[PDB]
Ligand SMILES: NC(=[NH2+])c1cc2nc(-c3cccc(-c4ccccc4)c3[O-])[nH]c2cc1Cl
Ligand SMILES: [Ca+2]
């Protein structure tokens, strides 16, 4: 997260860290046995780390569970990153409490101007790598479809939305991919892609979760 602030240990109880010996992506806990992340964060050998704050020190509240299966959306296109969503079932259910809790899925999509909370352990520099140990937060608005399309012409599908600051300086970045974009208490986006980080006129692009709600529910139901 570039230009964000420290969230405070456990103030974002649905945030998860995807680990394969190091932190590589974020995710969102939607129920005690399922997490939603981005399809491009897929890989085998994933350990989900819940109740985390400082990813390099065990401090208490952490729960490490291995993933049972990972279900990448069947129409995921790695070239366009359209349908960039993936579900991970956990080997055992997590114990939910105030420090580890799920986030709700939306009932409607959000509109431009809605303010959302984006968090993660991603890079905090737009030029060079500087990953933090603790969870960072950024409040950002959903932009209008026209501003999104003017910024990424020919690259935005109806399953994506832009959120951020066209002036640059504040944005999500590498390490943040797969994590949550929560607006009014509902999971509306998944950190997907962007051109660099916190660059002027190049906002973050997120998977539009409201278009996958029926799929998430059907898929969890049949697995
Ligand atoms: N808001 C942005 N401008 C942005 C920048 C990103 N940069 C990345 C990114 C860059 C290199 C590698 C990965 C990556 C993905 C999966 C596993 C490991 C690295 C990234 O997510 N994701 C990004 C996601 C966003 Cl939304
Ligand atoms: Ca820790």
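The values are calculated or read from the model by the stated rules, or taken from the named source; no laboratory instrument gave them. Heads up, the Cβs are rebuilt from the backbone with ideal geometry, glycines too, and the neighbour counts pull from every protein chain shown.
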Original post:
Of these, 162, 197, which one is assigned to a loop (DSSP other than H, G, I, E, B) and surrounded by 19 or more Cβ atoms within 10 Å (Cβ to Cβ)?
Top reply: 197
Subject >> Enumeration of residues in segment 111-125 that are part of a loop (DSSP other than H, G, I, E, B) and crowded, with 18+ Cβ neighbours inside 10 Å >> reply: 121, 122, 123, 124
Subject >> Boolean, residue 140 is buried (at least 18 other Cβ atoms within 10 Å of the Cβ) and away from ligand 2 (no atom under 16 Å from the Cβ) >> reply: yes
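Residues are listed down the side, and each one gets a yes or a no for (1) free of Cβ contacts under 8 Å to residues at least 12 places away in the same chain; (2) under 22 Å from residue 186 (Cα atoms):
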{"site": "64", "(1), (2)": "no, no"}
{"site": "69", "(1), (2)": "no, no"}
{"site": "77", "(1), (2)": "yes, no"}
{"site": "83", "(1), (2)": "no, yes"}
{"site": "96", "(1), (2)": "no, yes"}
{"site": "99", "(1), (2)": "no, yes"}
{"site": "103", "(1), (2)": "no, yes"}
Subject >> Test: residue 216 is farther than 17 Å from residue 18 by Cβ, touching a helix residue (DSSP H, G or I) at 6+ places or on another chain (Cβ under 9 Å), more than 16 Å from ligand 2 (Cβ to nearest atom) and in the same structural domain as residue 29 (by CATH) >> reply: yes
Original post:
What's the number of the condition residue 219 fails, among (1) part of a helix (DSSP H, G or I); (2) surrounded by fewer than 14 Cβ atoms within 10 Å (Cβ to Cβ)?
Top reply: (2)
Subject >> Residue satisfying all of: in segment 167-203; in contact with a helix residue (DSSP H, G or I) (Cβ under 7 Å, 6 or more places away or on another chain) and within 18 Å of residue 87 (Cα to Cα); nearest to ligand 1 (Cβ to nearest atom) among these >> reply: 177
Original post:
Is it the case that residue 174 is surrounded by fewer than 19 Cβ atoms within 10 Å (Cβ to Cβ), more than 26 Å from residue 19 (Cα to Cα) and touching a residue at least 40 places away in the same chain (Cβ under 8 Å)?
Top reply: no
**OP:** Check off (1) within 20 Å of residue 93 (Cα to Cα); (2) touching a residue at least 24 places away in the same chain (Cβ under 8 Å) for residue 5 and give me the number that stays unchecked.
**Re:** (1)
**OP:** Filter the strands (runs of 3 or more DSSP E) completely within segment 1-110 down to those with at least 1 residues that are surrounded by 14 or more Cβ atoms within 10 Å (Cβ to Cβ) and within 16 Å of ligand 2 (Cβ to nearest atom).
**Re:** 15-19, 23-31, 47-50, 63-72
